[PDB]
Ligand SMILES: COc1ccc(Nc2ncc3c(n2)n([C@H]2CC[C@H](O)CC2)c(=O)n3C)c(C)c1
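Only one chain is shown below, in structure tokens, and it's the form deposited without this ligand.
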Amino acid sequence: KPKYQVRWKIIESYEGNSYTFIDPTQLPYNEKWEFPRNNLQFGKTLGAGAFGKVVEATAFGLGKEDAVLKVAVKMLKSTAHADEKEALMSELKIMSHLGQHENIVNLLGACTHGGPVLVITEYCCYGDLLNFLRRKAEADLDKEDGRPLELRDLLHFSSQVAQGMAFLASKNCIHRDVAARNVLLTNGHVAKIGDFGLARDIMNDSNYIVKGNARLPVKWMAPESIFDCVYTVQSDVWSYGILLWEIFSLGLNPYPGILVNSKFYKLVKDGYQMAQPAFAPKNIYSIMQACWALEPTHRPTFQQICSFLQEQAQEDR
């Protein structure tokens, strides 16, 4: 139409050489997540998109009777396209199924009776990584005032996302939209990877380009995804290299000013790459370059990258 959808996938297998993915529609909703709508106290909108919004709420009695806890709750618009209504449910499901991790935005519960479906996730008080970076980069002190960004901060964001990604990969999960806009920062500026597409307006985002069938983040995509339509863990690693660029350029748009052709697609497949970002050390740039290997199997792994970046961040004796 297009409709709202999150583009995560989970592999069943495995055996082709072809992938068969889980149909989330057939997954069961575990009722353990159910939370009373009235035990939520709604607050400010964290982001409102074309298909729905993401709202901050205060939850009472979640996981413990006395608990008071700031949460993020996802919801669709009143005029929801019949499903969608299911995509939000899928949702949820894929996400039950994955389990918890420190560096992913975690599911906390859901409201499925007494009104429209609500999905309760972890609240992230500093918002998305992209805006944070851009807000610290802007030169005006009435807006932002704080400690100056340093290399160690950028390494922390990078290793924290890599770790979250290493987890998903371990659980046969392909994100399909790793990007600074989808990394959210929690207490102590700890990075978490999720999907914040509901909060954004996809129809007027120059990052999402009509590629025949759908509207895809082509600048963050491996050549074989464009191609060719192949998505893998290695394909998410390519997107991570783009994310690395996003981080070490402090929020600049990838391939800045490049006319997204053709042609552009062919040039990338024939091995065009972005120049070194302003604030990337040579050795971080060489991670980017490795993430953009034309041979998917020559790309590094999230765990490798994670370890390397945790090592680099280590303050000397």
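We call the rigid core the largest set of C-alpha positions that still match within 1.5 Å between the two forms. Counting begins at 1, following the sequence as shown.
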query: Unmodelled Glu15 in at least one third of other entries with both flanks present; finding: yes
query: Which of 157 to 165 and 86 to 94 has higher mean CA B factor, as the PDB entry lists it; finding: 86 to 94
query: Which of 19 to 27 and 291 to 299 has higher mean CA B factor, as the PDB entry lists it; finding: 19 to 27
query: Peak C-alpha temperature factor (PDB record), options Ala67, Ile258, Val268, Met274; finding: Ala67
query: Among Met203, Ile120, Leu184, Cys173 - the residue whose C-alpha B-factor is largest in the record; finding: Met203
query: Entry-reported Cα temperature factor of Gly241, expressed as the chain third it lands in; finding: lowest
query: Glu224 - which third its CA temperature factor falls in, relative to the rest of the chain; finding: lowest
query: Modelled-residue ranking by C-alpha temperature factor, third containing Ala137; finding: highest
query: CA B-factor ranking of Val71, expressed as a third of its chain; finding: middle
query: Lowest, middle or highest third - CA B-factor, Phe248; finding: lowest
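What comes next is about the form solved in complex with this ligand, which is not displayed.
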property	result
Clash check, this ligand transplanted in the deposited complex by site C-alpha superposition, 2.4 Å backbone/C-beta	blocked
Residue contact check: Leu155 to this ligand in the deposited complex, 4.5 Å heavy atom	no
4.5 angstroms heavy atom contact with this ligand in the deposited complex for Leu40	no
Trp238, heavy atom within 4.5 angstroms of this ligand in the deposited complex	no
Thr121 within 4.5 Å of this ligand in the deposited complex, heavy atoms	yes
Within 4.5 Å of this ligand in the deposited complex, all of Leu46, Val54 and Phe196 (non-hydrogen atom)	yes
Of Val117, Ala80, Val105, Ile242, the one that lies within 4.5 Å of this ligand in the deposited complex (heavy atoms)	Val105
Listed residue (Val218, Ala166, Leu133, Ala72) with a non-hydrogen atom within 4.5 angstroms of this ligand in the deposited complex	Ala72
Segment that reaches this ligand in the deposited complex - one of 124 to 132, 243 to 251, 218 to 226, 147 to 155, heavy atoms within 4.5 Å	124 to 132
Of the candidates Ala290, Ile258, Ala50, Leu252, the only Cα that travels 2 Å or more between this form and the one not shown, given a rigid-core fit	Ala50
Is_shifted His156 between this form and the one not shown (CA, 2 Å cut-off, rigid core)	no
Yes/no, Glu65 Cα shift of 2 Å or more between this form and the one not shown with rigid core fixed	yes
Core fit, then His81 C-alpha moves 2 Å or more between this form and the one not shown	yes
Residue pair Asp66, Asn30 - Cα distance in the deposited complex, closer or farther (3 Å or more)	closer
Closer or farther in the deposited complex, the Cα atoms of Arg181 and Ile22, when the shift from this form is 3 Å or more	farther
